[PDB]
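Student: File follows, structure-v3.pdb with PDB, C-alpha atoms and all ligand atoms:
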ATOM      1  CA  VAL B   3      18.024 -15.762 -16.366
ATOM      2  CA  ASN B   4      21.485 -15.559 -14.769
ATOM      3  CA  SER B   5      24.582 -17.763 -14.608
ATOM      4  CA  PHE B   6      24.314 -18.926 -10.974
ATOM      5  CA  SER B   7      24.243 -22.736 -10.913
ATOM      6  CA  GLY B   8      23.412 -25.422  -8.369
ATOM      7  CA  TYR B   9      21.490 -23.266  -5.874
ATOM      8  CA  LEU B  10      18.565 -24.428  -3.786
ATOM      9  CA  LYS B  11      15.657 -21.974  -3.971
ATOM     10  CA  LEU B  12      14.469 -20.926  -0.506
ATOM     11  CA  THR B  13      11.973 -18.196  -1.472
ATOM     12  CA  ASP B  14      10.920 -16.077  -4.429
ATOM     13  CA  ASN B  15      14.215 -14.162  -4.229
ATOM     14  CA  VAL B  16      16.675 -16.047  -1.948
ATOM     15  CA  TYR B  17      18.873 -18.949  -3.107
ATOM     16  CA  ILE B  18      21.507 -20.933  -1.165
ATOM     17  CA  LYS B  19      24.472 -23.197  -1.973
ATOM     18  CA  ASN B  20      27.341 -24.950  -0.190
ATOM     19  CA  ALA B  21      30.211 -23.103  -1.841
ATOM     20  CA  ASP B  22      33.403 -21.128  -1.305
ATOM     21  CA  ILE B  23      32.369 -17.546  -2.106
ATOM     22  CA  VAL B  24      35.855 -16.897  -3.521
ATOM     23  CA  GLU B  25      35.552 -19.751  -6.015
ATOM     24  CA  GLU B  26      31.927 -18.850  -6.782
ATOM     25  CA  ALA B  27      32.900 -15.252  -7.546
ATOM     26  CA  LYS B  28      35.786 -16.294  -9.802
ATOM     27  CA  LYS B  29      33.455 -18.564 -11.794
ATOM     28  CA  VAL B  30      30.401 -16.309 -12.107
ATOM     29  CA  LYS B  31      32.023 -12.841 -12.096
ATOM     30  CA  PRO B  32      28.805 -11.391 -10.641
ATOM     31  CA  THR B  33      27.900  -7.740 -10.862
ATOM     32  CA  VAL B  34      28.086  -7.550  -7.043
ATOM     33  CA  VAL B  35      29.899  -9.711  -4.497
ATOM     34  CA  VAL B  36      29.212  -8.870  -0.846
ATOM     35  CA  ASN B  37      32.088  -8.729   1.629
ATOM     36  CA  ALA B  38      31.636  -9.398   5.353
ATOM     37  CA  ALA B  39      33.444  -6.180   6.242
ATOM     38  CA  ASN B  40      34.312  -4.378   9.461
ATOM     39  CA  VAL B  41      34.076  -0.601   9.898
ATOM     40  CA  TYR B  42      37.818  -0.157   9.224
ATOM     41  CA  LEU B  43      37.776  -2.304   6.064
ATOM     42  CA  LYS B  44      40.626  -4.333   7.580
ATOM     43  CA  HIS B  45      40.231  -7.593   5.672
ATOM     44  CA  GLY B  46      42.179  -9.881   7.965
ATOM     45  CA  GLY B  47      40.199 -13.093   8.271
ATOM     46  CA  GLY B  48      36.937 -14.847   7.626
ATOM     47  CA  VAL B  49      35.229 -14.067   4.331
ATOM     48  CA  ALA B  50      36.985 -10.682   4.077
ATOM     49  CA  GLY B  51      40.457 -12.145   4.510
ATOM     50  CA  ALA B  52      39.697 -14.767   1.858
ATOM     51  CA  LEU B  53      38.282 -12.294  -0.682
ATOM     52  CA  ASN B  54      41.182  -9.912  -0.152
ATOM     53  CA  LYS B  55      43.768 -12.701  -0.550
ATOM     54  CA  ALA B  56      42.143 -13.661  -3.860
ATOM     55  CA  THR B  57      42.691 -10.053  -5.089
ATOM     56  CA  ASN B  58      46.408 -10.225  -4.237
ATOM     57  CA  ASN B  59      45.784  -7.529  -1.546
ATOM     58  CA  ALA B  60      44.406  -5.020  -4.086
ATOM     59  CA  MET B  61      41.130  -4.925  -2.131
ATOM     60  CA  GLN B  62      43.044  -3.881   1.009
ATOM     61  CA  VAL B  63      45.015  -1.173  -0.839
ATOM     62  CA  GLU B  64      41.807   0.310  -2.268
ATOM     63  CA  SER B  65      40.104   0.026   1.131
ATOM     64  CA  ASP B  66      42.900   1.851   2.963
ATOM     65  CA  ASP B  67      42.551   4.791   0.570
ATOM     66  CA  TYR B  68      38.756   4.762   1.095
ATOM     67  CA  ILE B  69      39.145   4.947   4.890
ATOM     68  CA  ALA B  70      41.843   7.628   4.702
ATOM     69  CA  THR B  71      39.398   9.791   2.720
ATOM     70  CA  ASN B  72      36.053   8.961   4.344
ATOM     71  CA  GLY B  73      36.703   7.505   7.794
ATOM     72  CA  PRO B  74      35.156   4.298   9.129
ATOM     73  CA  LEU B  75      31.830   2.851   8.097
ATOM     74  CA  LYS B  76      28.905   2.490  10.505
ATOM     75  CA  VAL B  77      27.912  -0.892  11.902
ATOM     76  CA  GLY B  78      24.948  -1.747   9.684
ATOM     77  CA  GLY B  79      26.377   0.357   6.848
ATOM     78  CA  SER B  80      28.120  -0.320   3.562
ATOM     79  CA  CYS B  81      30.158   1.084   0.713
ATOM     80  CA  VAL B  82      30.590   0.089  -2.935
ATOM     81  CA  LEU B  83      34.169  -0.452  -4.109
ATOM     82  CA  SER B  84      35.792  -2.357  -6.956
ATOM     83  CA  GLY B  85      35.257  -6.085  -7.300
ATOM     84  CA  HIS B  86      38.797  -6.447  -8.703
ATOM     85  CA  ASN B  87      39.215  -9.873 -10.371
ATOM     86  CA  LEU B  88      36.178 -11.319  -8.556
ATOM     87  CA  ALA B  89      33.173  -9.206  -9.618
ATOM     88  CA  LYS B  90      32.335  -5.853 -11.150
ATOM     89  CA  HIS B  91      31.720  -4.349  -7.698
ATOM     90  CA  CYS B  92      32.233  -5.349  -4.089
ATOM     91  CA  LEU B  93      29.557  -4.232  -1.628
ATOM     92  CA  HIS B  94      31.366  -4.080   1.734
ATOM     93  CA  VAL B  95      28.647  -4.580   4.379
ATOM     94  CA  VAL B  96      29.249  -4.341   8.135
ATOM     95  CA  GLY B  97      27.101  -6.703  10.148
ATOM     96  CA  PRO B  98      27.320  -6.539  13.942
ATOM     97  CA  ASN B  99      30.171  -8.543  15.473
ATOM     98  CA  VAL B 100      28.825 -10.358  18.536
ATOM     99  CA  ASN B 101      32.394 -10.975  19.706
ATOM    100  CA  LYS B 102      32.673  -7.160  20.020
ATOM    101  CA  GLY B 103      29.342  -6.747  21.839
ATOM    102  CA  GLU B 104      27.485  -5.103  18.947
ATOM    103  CA  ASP B 105      23.690  -4.951  18.785
ATOM    104  CA  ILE B 106      22.246  -7.871  16.822
ATOM    105  CA  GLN B 107      19.253  -5.709  15.829
ATOM    106  CA  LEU B 108      21.694  -3.953  13.479
ATOM    107  CA  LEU B 109      21.716  -7.133  11.369
ATOM    108  CA  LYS B 110      18.478  -6.073   9.661
ATOM    109  CA  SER B 111      19.980  -2.663   8.833
ATOM    110  CA  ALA B 112      23.027  -4.437   7.366
ATOM    111  CA  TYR B 113      20.874  -6.596   5.077
ATOM    112  CA  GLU B 114      18.881  -3.548   3.913
ATOM    113  CA  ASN B 115      21.981  -2.490   1.964
ATOM    114  CA  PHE B 116      21.400  -5.469  -0.354
ATOM    115  CA  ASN B 117      18.140  -3.894  -1.602
ATOM    116  CA  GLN B 118      20.130  -1.264  -3.517
ATOM    117  CA  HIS B 119      21.336  -4.000  -5.921
ATOM    118  CA  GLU B 120      19.181  -6.133  -8.198
ATOM    119  CA  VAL B 121      21.329  -9.300  -7.883
ATOM    120  CA  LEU B 122      24.101 -10.190  -5.418
ATOM    121  CA  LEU B 123      26.390 -13.054  -4.415
ATOM    122  CA  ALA B 124      26.748 -12.920  -0.637
ATOM    123  CA  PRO B 125      27.703 -14.674   2.597
ATOM    124  CA  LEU B 126      25.449 -14.786   5.631
ATOM    125  CA  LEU B 127      26.080 -11.520   7.456
ATOM    126  CA  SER B 128      27.425 -11.718  11.009
ATOM    127  CA  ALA B 129      28.040 -15.482  10.662
ATOM    128  CA  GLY B 130      31.396 -17.200  11.089
ATOM    129  CA  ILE B 131      33.915 -15.176  13.089
ATOM    130  CA  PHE B 132      31.346 -12.390  13.602
ATOM    131  CA  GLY B 133      29.724 -14.694  16.163
ATOM    132  CA  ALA B 134      26.001 -14.582  15.326
ATOM    133  CA  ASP B 135      23.714 -17.587  14.875
ATOM    134  CA  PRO B 136      23.721 -18.339  11.108
ATOM    135  CA  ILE B 137      20.160 -19.704  11.278
ATOM    136  CA  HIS B 138      19.061 -16.309  12.597
ATOM    137  CA  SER B 139      21.093 -14.498   9.942
ATOM    138  CA  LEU B 140      19.341 -16.510   7.224
ATOM    139  CA  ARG B 141      15.933 -15.643   8.705
ATOM    140  CA  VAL B 142      16.768 -11.925   8.759
ATOM    141  CA  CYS B 143      18.062 -12.157   5.186
ATOM    142  CA  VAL B 144      14.855 -13.764   3.915
ATOM    143  CA  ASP B 145      12.668 -11.272   5.810
ATOM    144  CA  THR B 146      14.675  -8.175   4.755
ATOM    145  CA  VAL B 147      16.196  -8.616   1.293
ATOM    146  CA  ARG B 148      13.761  -8.192  -1.603
ATOM    147  CA  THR B 149      16.312  -8.268  -4.430
ATOM    148  CA  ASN B 150      17.788 -11.514  -5.774
ATOM    149  CA  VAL B 151      20.422 -12.900  -3.410
ATOM    150  CA  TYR B 152      22.611 -15.975  -3.972
ATOM    151  CA  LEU B 153      24.041 -17.095  -0.628
ATOM    152  CA  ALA B 154      27.289 -19.070  -0.461
ATOM    153  CA  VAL B 155      27.797 -21.116   2.718
ATOM    154  CA  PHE B 156      31.346 -22.466   3.065
ATOM    155  CA  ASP B 157      30.722 -25.147   5.696
ATOM    156  CA  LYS B 158      28.856 -28.166   4.312
ATOM    157  CA  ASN B 159      27.633 -29.220   7.748
ATOM    158  CA  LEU B 160      26.237 -25.722   8.340
ATOM    159  CA  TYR B 161      24.663 -25.628   4.877
ATOM    160  CA  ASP B 162      22.744 -28.855   5.562
ATOM    161  CA  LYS B 163      21.582 -27.507   8.928
ATOM    162  CA  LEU B 164      20.380 -24.227   7.387
ATOM    163  CA  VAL B 165      18.372 -26.037   4.705
ATOM    164  CA  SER B 166      16.903 -28.693   7.001
ATOM    165  CA  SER B 167      15.824 -26.105   9.582
ATOM    166  CA  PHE B 168      14.492 -23.501   7.131
ATOM    167  CA  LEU B 169      10.884 -22.529   7.730
TER     168      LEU B 169
HETATM  169  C1  LIG T   1      30.097 -20.227   6.031
HETATM  170  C2  LIG T   1      30.957 -19.633   7.139
HETATM  171  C3  LIG T   1      30.116 -19.620   8.430
HETATM  172  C4  LIG T   1      32.195 -20.490   7.380
HETATM  173  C5  LIG T   1      31.373 -18.196   6.726
HETATM  174  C6  LIG T   1      31.607 -17.288   7.968
HETATM  175  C7  LIG T   1      33.048 -16.880   7.950
HETATM  176  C8  LIG T   1      33.468 -16.993   6.498
HETATM  177  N1  LIG T   1      32.586 -17.995   5.878
HETATM  178  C9  LIG T   1      32.637 -18.121   4.450
HETATM  179  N2  LIG T   1      31.465 -18.190   3.770
HETATM  180  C10 LIG T   1      31.517 -18.305   2.398
HETATM  181  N3  LIG T   1      32.591 -18.355   1.608
HETATM  182  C11 LIG T   1      33.760 -18.278   2.299
HETATM  183  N4  LIG T   1      35.037 -18.302   1.737
HETATM  184  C12 LIG T   1      35.959 -18.198   2.779
HETATM  185  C13 LIG T   1      35.282 -18.111   3.979
HETATM  186  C14 LIG T   1      33.873 -18.161   3.720
END
Go ahead and express the file in the form of structure tokens.
Tutor:
Amino acid sequence: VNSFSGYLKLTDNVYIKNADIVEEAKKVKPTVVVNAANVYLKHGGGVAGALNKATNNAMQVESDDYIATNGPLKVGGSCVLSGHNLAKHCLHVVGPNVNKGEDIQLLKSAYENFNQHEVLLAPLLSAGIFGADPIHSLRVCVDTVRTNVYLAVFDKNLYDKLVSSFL
């Protein structure tokens, strides 16, 4: 039993809700919140910009030190950093950005990072400003993640479409 509330159950391990991931994280304080990161951990917009803003830019400060030490992530890769005021940890995961021409096959590799964590609050990888089809992202999530994932979908219209079209 966990404290996530109001989710629709899609499969044994995947749950979905129309919610602002920032507000969800502040309420639940999950062990792991997933960020829709880029390889530079530059949290300018989309989910990343919103999460970073909620940390008063502390996420960006920590991220800049991480990159200065380690260099950029790989597309499809991840790193674990602090969750600041939002969660215990933030798993920064880089899905392919279609608006940069990146290979959509890397979306499965991106979701594999979730399997290193028993429970996560997450957005749909590569959705929104990353330019992928969110219906496809949900399919890859369900077919790749085996741990317990609670998906927050900001757009109510998109949420209804994802549920109504889910196979
Ligand atoms: C559901 C959308 C397709 C709109 C995705 C893609 C881009 C960001 N977005 C978010 N998702 C969940 N919580 C969020 N909080 C702020 C943004 C945001």
Student: What residues have any atom no more than 6 Å from ligand LIG 1 (chain T) when counting only C-alpha atoms and all ligand atoms, and can you list them as a ChimeraX atom specification?
Tutor: /B:22-24,48-49,52,125,129-131,154-157
Student: Using all atoms listed in the file, which of B:167, B:59, B:40, B:72 sits nearest residue 136 in chain B?
Tutor: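 For residue 136 in chain B, the nearest of the candidates is B:167.
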Student: Using all atoms listed in the file, pick whichever of B:102, B:86, B:12, B:58 has the shortest atom-to-atom distance to residue 166 in chain B.
Tutor: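 Closest residue, counting all atoms listed in the file: B:12.
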Student: Applying 8 Å and only C-alpha atoms, which residues near residue 65 in chain B remain after dropping the ones on its own chain fewer than 6 positions away? List them as a PyMOL selection string.
Tutor: chain B and resi 43-44+83
Student: Please produce a file of the residues just selected, as a PDB file, in the frame of the given file, where the atoms kept are C-alpha atoms.
Tutor:
ATOM      1  CA  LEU B  43      37.776  -2.304   6.064  1.00  0.00           C
ATOM      2  CA  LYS B  44      40.626  -4.333   7.580  1.00  0.00           C
ATOM      3  CA  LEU B  83      34.169  -0.452  -4.109  1.00  0.00           C
TER       4      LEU B  83
END
Student: Work out how far CA of residue 66 in chain B is from CA of residue 113 in chain B, in Å to one decimal.
Tutor: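 According to the coordinates, CA of residue 113 in chain B and CA of residue 66 in chain B are separated by 23.7 Å.
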Student: Please evaluate the PyMOL selection byres (((chain B and resi 128) around 8) and not hetatm) against the displayed coordinates and give the resulting residues as a ChimeraX atom specification.
Tutor: /B:38,97-100,109,126-127,129-136,139
Student: Evaluating the PyMOL selection byres (((chain B and resi 82) around 8) and not hetatm) on the displayed file yields which residues, as number ranges by chain?
Tutor: B: 80-81, 83-84, 91-94
Student: Could you list, as a ChimeraX atom specification, every residue matched by the PyMOL selection byres (((chain B and resi 151) around 6) and not hetatm) in this structure?
Tutor: /B:16,121-122,150,152
Student: My list of candidates is B:119, B:55, B:76, B:28. Which is closest to residue 149 in chain B when distances are computed with only C-alpha atoms?
Tutor: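 That would be B:119, the residue with the smallest distance to residue 149 in chain B.
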Student: Which of these residues is nearest to residue 17 in chain B, using all atoms listed in the file: B:39, B:32, B:169, B:124?
Tutor: B:124
Student: Just want the 8 Å neighbourhood of residue 148 in chain B, counted on only C-alpha atoms, with same-chain residues fewer than 3 positions away dropped. Output as a ChimeraX atom specification.
Tutor: /B:15,117,144
Student: With only C-alpha atoms as the atoms that count, which of B:88, B:35, B:75, B:95 lies nearest to residue 57 in chain B?
Tutor: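 Comparing B:88, B:35, B:75, B:95 against residue 57 in chain B, the winner is B:88.
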Student: With only C-alpha atoms counted, which protein, DNA or RNA residues have an atom no more than 10 Å from (43.2, -2.6, 1.7) in the file frame? Please answer as a ChimeraX atom specification.
Tutor: /B:42-46,54,59-69
Student: How many Å separate CA of residue 107 in chain B from CA of residue 34 in chain B?
Tutor: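 About the pair CA of residue 107 in chain B and CA of residue 34 in chain B: they are 24.6 Å apart.
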Student: Interatomic distance between CA of residue 20 in chain B and CA of residue 164 in chain B?
Tutor: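 CA of residue 20 in chain B sits 10.3 Å away from CA of residue 164 in chain B.
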Student: So, counting all atoms listed in the file, which residue among B:47, B:71, B:146, B:36 is closest to residue 96 in chain B?
Tutor: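 Looking only at the distances to residue 96 in chain B, the closest residue turns out to be B:36.
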Student: Since the input is missing atoms, can you rebuild N, CA and C atoms for range 60-82 of chain B and write them as a JSON list (two decimals), in the frame of the given file?
Tutor:
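Ended up saving to out_15.json:
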[["chain", "number", "residue", "atom", "x", "y", "z"],
["B", 60, "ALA", "N", 44.88, -6.25, -3.46],
["B", 60, "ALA", "CA", 44.41, -5.02, -4.09],
["B", 60, "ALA", "C", 43.16, -4.48, -3.39],
["B", 61, "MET", "N", 42.29, -5.37, -2.90],
["B", 61, "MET", "CA", 41.13, -4.92, -2.13],
["B", 61, "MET", "C", 41.55, -4.12, -0.90],
["B", 62, "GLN", "N", 42.58, -4.59, -0.18],
["B", 62, "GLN", "CA", 43.04, -3.88, 1.01],
["B", 62, "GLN", "C", 43.63, -2.52, 0.65],
["B", 63, "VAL", "N", 44.42, -2.44, -0.43],
["B", 63, "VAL", "CA", 45.02, -1.17, -0.84],
["B", 63, "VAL", "C", 43.92, -0.15, -1.16],
["B", 64, "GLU", "N", 42.91, -0.58, -1.93],
["B", 64, "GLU", "CA", 41.81, 0.31, -2.27],
["B", 64, "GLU", "C", 41.05, 0.73, -1.01],
["B", 65, "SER", "N", 40.84, -0.23, -0.10],
["B", 65, "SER", "CA", 40.10, 0.03, 1.13],
["B", 65, "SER", "C", 40.83, 1.02, 2.03],
["B", 66, "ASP", "N", 42.16, 0.92, 2.11],
["B", 66, "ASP", "CA", 42.90, 1.85, 2.96],
["B", 66, "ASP", "C", 42.77, 3.28, 2.45],
["B", 67, "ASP", "N", 42.78, 3.46, 1.13],
["B", 67, "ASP", "CA", 42.55, 4.79, 0.57],
["B", 67, "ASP", "C", 41.13, 5.28, 0.87],
["B", 68, "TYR", "N", 40.14, 4.38, 0.78],
["B", 68, "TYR", "CA", 38.76, 4.76, 1.10],
["B", 68, "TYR", "C", 38.64, 5.27, 2.53],
["B", 69, "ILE", "N", 39.24, 4.55, 3.49],
["B", 69, "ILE", "CA", 39.15, 4.95, 4.89],
["B", 69, "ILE", "C", 39.91, 6.24, 5.14],
["B", 70, "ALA", "N", 41.08, 6.40, 4.53],
["B", 70, "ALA", "CA", 41.84, 7.63, 4.70],
["B", 70, "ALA", "C", 41.04, 8.84, 4.25],
["B", 71, "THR", "N", 40.21, 8.68, 3.23],
["B", 71, "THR", "CA", 39.40, 9.79, 2.72],
["B", 71, "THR", "C", 38.12, 9.99, 3.52],
["B", 72, "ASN", "N", 37.43, 8.90, 3.87],
["B", 72, "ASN", "CA", 36.05, 8.96, 4.34],
["B", 72, "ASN", "C", 35.87, 8.60, 5.81],
["B", 73, "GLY", "N", 36.86, 8.00, 6.45],
["B", 73, "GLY", "CA", 36.70, 7.50, 7.79],
["B", 73, "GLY", "C", 35.94, 6.19, 7.81],
["B", 74, "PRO", "N", 35.77, 5.63, 9.01],
["B", 74, "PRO", "CA", 35.16, 4.30, 9.13],
["B", 74, "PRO", "C", 33.69, 4.28, 8.71],
["B", 75, "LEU", "N", 33.25, 3.09, 8.30],
["B", 75, "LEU", "CA", 31.83, 2.85, 8.10],
["B", 75, "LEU", "C", 31.11, 2.80, 9.44],
["B", 76, "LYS", "N", 29.78, 2.79, 9.37],
["B", 76, "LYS", "CA", 28.90, 2.49, 10.50],
["B", 76, "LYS", "C", 28.62, 0.99, 10.56],
["B", 77, "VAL", "N", 28.48, 0.45, 11.78],
["B", 77, "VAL", "CA", 27.91, -0.89, 11.90],
["B", 77, "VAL", "C", 26.50, -0.86, 11.35],
["B", 78, "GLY", "N", 26.18, -1.78, 10.43],
["B", 78, "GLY", "CA", 24.95, -1.75, 9.68],
["B", 78, "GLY", "C", 25.06, -1.05, 8.35],
["B", 79, "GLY", "N", 26.19, -0.39, 8.07],
["B", 79, "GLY", "CA", 26.38, 0.36, 6.85],
["B", 79, "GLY", "C", 27.18, -0.40, 5.80],
["B", 80, "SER", "N", 27.47, 0.30, 4.70],
["B", 80, "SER", "CA", 28.12, -0.32, 3.56],
["B", 80, "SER", "C", 28.80, 0.74, 2.71],
["B", 81, "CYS", "N", 29.66, 0.27, 1.81],
["B", 81, "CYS", "CA", 30.16, 1.08, 0.71],
["B", 81, "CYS", "C", 30.40, 0.18, -0.49],
["B", 82, "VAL", "N", 30.31, 0.78, -1.68],
["B", 82, "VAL", "CA", 30.59, 0.09, -2.94],
["B", 82, "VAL", "C", 32.00, 0.43, -3.38]]
